[PDB]
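Right, one structure below, let's go through it.
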């Protein structure tokens, strides 16, 4: 119903009459149209999306790694702008937004020749010199080690890593081996249509207390075959004949008459069950995931992600107390829209039904010849009894009453008062989002604070999504991937500590926050005596240089 | 939007011409400028807005 | 609609391409391919040459529609206003022009 | 006529002789810091970001193609510096580079 | 184009030079930009083919 | 609240100005450390504390 | 007029068997309760949004 | 301005071939700078714009 | 939960029956077996029983080819397994359980068997759900819930060779059984937007308690559960729907 | 000449490449005709 009010469909549509208008101006769409672009912009103001801040002093390196990797993932593996636009538009239009967070992985084996090396003890000083140069290059620059060291020295260094003794290697021959090459290893976030997902109704207004959640999606057999081990029992489901997509409950934008001839690329609707179940029967609830297509159960296992919660994030637009869902603006504005539309239609009917351009001429004022002369466009003579200045009538538009304009103005004022959105005002709330940026001593009119509150509600959802992705990255990504992305030493996070988010904090990064942080760093540099400690000053300068987007200068000041 | 036309101002053919949307001729005893009425919204009293 | 160069080599004809994923080996793996055909003849068939491995098209929407690829311009919002404004101006011109001056 | 014009300007957000200076403050360091824009300018700024993302994608694809097709001597001729080699495994995943409009 | 890590400055410099040279020489930038924006605004969607 | 932190920072700075920087080393180190903590920079604060 | 001076306070909440079994020692006599049925339909005092 | 730039580029390319050395030396009064024939096709090492 | 489960099962059965009978009613191409001209002329007695033959299936194939109806499946080239046959059949036909023996007994033009079973080509092909064989250009699918007009044929007398009959107002009449071939993109099931889509079961229930208390029943000891849905079909190309009417053995 | 088109809308394998499974022209054209109705409906709005 709320969407129908927005788009002018269903009950919102004006009735159709043969001789009268059906013009309905769009109020709710307008009020939402300013709100969208007001809200989207803060998330697109900078090149980096996520800001990770260490909680304690050991956490600087971990925060730097996680910020680097998370920013790289969001910048490369996703279309950030489209995701942000859909997220904001859905939150505004439906009153709530469900985000599904998952992981994507596809592994293909290959055969390549790997040379076989025979070890030999380190002889003389030259072998040790070359080995030490290799180790030093590995410490200073991992990419240089990968690209320029060569294979035999790499094998010697690996054996030195395994055992203290150093050796020198000479190749003998090449033997074929099988290697796993990951084509795709990246998290995926995708917004969900509300009609798809069903949540436990007995959660009493909190997503955490929910027992189960069921989501229905479209999938093709290639997706199921990407990871063979996870799914069992795929032969019973037909993949050859049935080619409508017609499952009623599932709601989708796919055209109805469209299916691929190829059996493997055919799409079938599947269901998932994320929830808690008593697997051992002794009263301990544990998370599980299940999947079934039609009437066949293909997948059954525990929750794979380290977090241990359902992979869904729920955000309300305008909250209702003690309830999951939210409310949009259309609920308040339906009646104002209806009355404004009625007024405008009446105005247009008044103008349209009238006669315009018609000329009425009295009988007997002009005889035949003078009538023809008048109609042709030349001079004439009229009977003196009747005065053609007053008697010849040329019709016009009727004059509009003041009631229509007054009522339209009243409706617009009431809509603006309730919602708090005006035509050409506001929108600068995104600049003052950051605490240090302008949240300190920030003065904004009454209307800006409602927009700021909605902005905070969206930023919380972004923080939760980032936290989930960080938790998944801690386990799923390997060491060499992180080293390649960051070019720094890998830091390991113990598996026990994943459940409770320790030592790191996630929030959105904007342009002004970095500027104010630079200002405060310069202030601290002035306040402290620059000659007190060289290392402290170098660390401050490197930190300032990092915010101003100069990696080379920052690294140069760090390793000075 | 309703239009009310006096009886006897226009005969059959002139009335059909007027309805179709072209020129006509009226009886001089009746004045179409004032007699033909086109109803509009009534004017709101100021008391409602004041209250 | 009436244009054809006389040189046979320089005549221009319509051709189709298919950039997509296919199971080339039948083992269950989807790999990118390209195919070109004219009329009823297949003239080219091979894997995706570009390094990125994706379809070489970049799509940009003007006003996004939630959970849909295409976008919408401003004409949706403005058609009715344009019609009524045109009607009013035509009315004023008729009022002036039809009169005798 | 006045009412229709006002409604059109309100829905679309374009006035006759107003706006247009949005592109001058696009840059992050340039004016994104402490850049105050009226309510009309941010819609145009959003559309400009949507276009800039498409330009970034095109630039990245063309970089990917240049990494393979162009030979060494052509690049050395154009830039007059030593050549830098990108391994083939690194082509699929975009590392070490970021593209944006200047 | 800007480097993500500190060893990437040389690669970024070469890529910027080569890409800018290609766009200024092998293309008519003004016509392409005009077509790009006009298509996006008129149709609401703009599809670019890269080859 | 956000502004409370700023005002505490300013009060600490004023006290550091009134007191001689060379009067006592430990006092000024601690003043700087809790100035740093309010500015959300933990490593620096710990670094001046154990200096 | 003061919550501190109150002698008693009574609250009614919804719970499941697994929550009570989280702490086996704290609760006793769980067996007597009829877990089957015993729905919130029985109590018309408790106010909730549950279907 | 783009059209004027294209005109300038064409005329530079034509000058590189048709003009002799002594004419260029007379006009500029400086040592002659030679451009090889292969590099004419791709307009490297120069940029033309309105001043 | 037992009552609710039975309610939902009944709803699904009713929906299936309604859709299938609408499809049977709206069928552009109808080919009466034997030498009949309408439902009344269908008979199993006399010289010519109204029972399908090879020529009827061949004619139906020819008509569907002329109407340009797209095919559904692909031919099968057999494997290297002994006693395996190749089948050229490209369309799908739905028959009831009453007609299958007659289809089994049928012979082709040259007197050979015309019903190839599924065990012969189970290898080197795919067996659809409910498939029981393939004849000529048609593969046969058996629908357990298939309907049949009853007491619609001609009058039944003592010369009855054995075909099924039904009683109508004190006199017996022969039954009529269909075989339906739905062509691609022929019909669509219509439905409203707000509240009711095409086939959505909207279930409401009010357990006894405060909410069902009213002036008629001040205490409140009642209840109800209800289930509802919308339906409607639009036929785009009726020329593609095919039907054959015939009697069936007992 | 050379008889008519040797395959039913190039069904089966034309044998351009060495892949075990080859696309054939019929499958590609079939996907095209499947997709075309929606695109035709969409282009009316742009028009």
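The numbers here are math on the coordinates, done by the rules we state, and not lab data. All Cβ positions, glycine included, derive from the backbone under ideal geometry; neighbour counts span all protein chains shown.
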- Flag if residue A:107 is in a strand (DSSP E or B) and within 14 Å of chain C (Cβ to nearest Cβ): yes
- Message: Residues that are closer than 21 Å to residue A:186 by Cβ, out of contact with any helix residue (DSSP H, G or I) (no Cβ under 7 Å at 6 or more places or on another chain), within 13 Å of chain A (Cβ to nearest Cβ) and free of Cβ contacts under 8 Å to residues at least 12 places away in the same chain: does the stretch D:77-85 have at least one?
- Response: no
- Task: Take the stretch A:375-421 and flag every residue that is over 60 Å from the mean Cα position of the chain (by Cα) and farther than 22 Å from residue B:29 by Cα.
- Result: A:375, A:376, A:377, A:378, A:379, A:380
- Query: Restricting attention to the stretch A:394-411, does a residue exist that is more than 10 Å from every other protein chain (Cβ to nearest Cβ) and either surrounded by 17 or more Cβ atoms within 10 Å (Cβ to Cβ) or within 23 Å of residue A:9 (Cβ to Cβ) (or both)?
  - Reply: yes
- Message: Checking the structure you have, find out if any residue of the stretch J:31-40 is farther than 30 Å from residue C:75 by Cβ, touching a strand residue (DSSP E or B) at 6+ places or on another chain (Cβ under 9 Å), in a helix (DSSP H, G or I) and within 13 Å of chain A (Cβ to nearest Cβ).
- Response: yes
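Looking at this structure, is residue A:288 in contact (Cβ under 8 Å) with a residue 40 or more places away in the chain and part of a strand (DSSP E or B)?
Criteria not met by residue A:288.
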- Item | Residue under evaluation residue C:23, criteria (1) touching a helix residue (DSSP H, G or I) at 6+ places or on another chain (Cβ under 8 Å); (2) more than 30 Å from residue A:108 (Cα to Cα); (3) away from chain E (no Cβ under 14 Å), criterion not met | (2)
- State whether one or more residues within the stretch I:149-157 are over 23 Å from residue I:42 (Cα atoms) and either touching a residue at least 24 places away in the same chain (Cβ under 8 Å) or surrounded by 11 or more Cβ atoms within 10 Å (Cβ to Cβ) (or both). no
- Any hit, the stretch J:6-25, residues being part of a helix (DSSP H, G or I) and closer than 15 Å to residue C:42 by Cβ: yes
- Message: Quick check on this structure: which one of A:334, A:341 is over 26 Å from the mean Cα position of the chain (by Cα), more than 14 Å from chain B (Cβ to nearest Cβ), buried (at least 20 other Cβ atoms within 10 Å of the Cβ) and touching a residue at least 60 places away in the same chain (Cβ under 8 Å)?
- Response: A:341
- Message: Out of everything in the stretch A:508-540 that is within 37 Å of the chain's Cα centre (by Cα) and away from chain D (no Cβ under 14 Å), what residue ends up being nearest to residue F:5 (Cα to Cα)?
- Response: A:520
- Return a yes/no flag: does the stretch I:34-52 have any residue that is in a helix (DSSP H, G or I), out of contact with any strand residue (DSSP E or B) (no Cβ under 6 Å at 6 or more places or on another chain), more than 19 Å from residue I:184 (Cα to Cα) and touching a residue at least 12 places away in the same chain (Cβ under 8 Å). no
- Query: Does any residue of the stretch A:448-471 turn out to be surrounded by fewer than 17 Cβ atoms within 10 Å (Cβ to Cβ) and part of a loop (DSSP other than H, G, I, E, B)?
  - Reply: no
- Could you grab me the full set of residues in the stretch C:65-98 that are in contact with a strand residue (DSSP E or B) (Cβ under 9 Å, 6 or more places away or on another chain), exposed (fewer than 14 other Cβ atoms within 10 Å of the Cβ) and assigned to a helix (DSSP H, G or I)? C:98
- Item | Filtered residues of the stretch D:27-61 (kept if surrounded by fewer than 16 Cβ atoms within 10 Å (Cβ to Cβ), at the interface with chain A (Cβ under 7 Å from one of its Cβ atoms) and in contact with a helix residue (DSSP H, G or I) (Cβ under 6 Å, 6 or more places away or on another chain)) | D:36
- Note on the structure: Among residues of the stretch A:543-554 being surrounded by fewer than 18 Cβ atoms within 10 Å (Cβ to Cβ) and part of a helix (DSSP H, G or I), the residue nearest to the chain's Cα centre (by Cα) is A:547
- Message: Go through (1) surrounded by fewer than 19 Cβ atoms within 10 Å (Cβ to Cβ); (2) part of a helix (DSSP H, G or I); (3) in contact with a strand residue (DSSP E or B) (Cβ under 7 Å, 6 or more places away or on another chain) for residue A:507 and report which single condition fails.
- Response: (2)
- With the condition kept exactly as written, say whether any residue in the stretch I:2-22 is part of a loop (DSSP other than H, G, I, E, B) and either closer than 30 Å to residue I:157 by Cα or touching a residue at least 40 places away in the same chain (Cβ under 8 Å) (or both). no
- Inspect all residues belonging to the stretch A:298-306 and state whether any of them is touching a strand residue (DSSP E or B) at 6+ places or on another chain (Cβ under 8 Å), within 20 Å of residue A:98 (Cα to Cα) and buried (at least 18 other Cβ atoms within 10 Å of the Cβ). yes
